[PDB]
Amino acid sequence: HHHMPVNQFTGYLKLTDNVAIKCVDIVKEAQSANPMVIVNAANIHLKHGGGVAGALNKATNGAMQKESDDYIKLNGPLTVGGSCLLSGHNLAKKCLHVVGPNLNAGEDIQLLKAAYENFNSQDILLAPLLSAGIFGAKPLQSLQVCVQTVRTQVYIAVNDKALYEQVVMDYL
């Protein structure tokens, strides 16, 4: 009953050999695609409140936060631009928690490249746009840094249809 194909990514616009994008709720997408790796839009504390992190923790019924607290016991906090690889719970095999700069927190956008660098540790990832949404970066600029930095394969989920349509236009 238990084994199903992983990384079943469909319905995406292929931007480059490394980056594809879809207008979809990332939790619903993880459920469909059965990814090996989902990326969380983490903060250094791995306290999963708000935005994508809140959504992923909610989908795990708090299991992600429990595990994350054990990781903080082990490691202490992350740094901006850093990451850790933990369980993906019911969303994915693994979750790569990646800390992008939060512009709304006064952090430096130049750290967004380092944040995306972390994706290169994994062959295929389902991810949000780092530093976008509540973290305050312009999503088109985050996508730009993504395309410039990620050398593996990332499937980007965005929630905003108007953003997706602008990406298509910038593609056309």
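Just count from 1 along the sequence shown to find any residue number.
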| item | value |
| --- | --- |
| Selection by C-alpha B-factor (highest) of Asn104, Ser32, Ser131, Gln65 | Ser32 |
| Residue selected from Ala59, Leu140, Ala53, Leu126 by maximal Cα B factor | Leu140 |
| For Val147, the third of its chain into which the C-alpha B factor falls | highest |
| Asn40 - Cα temperature factor, lowest/middle/highest third of chain | lowest |
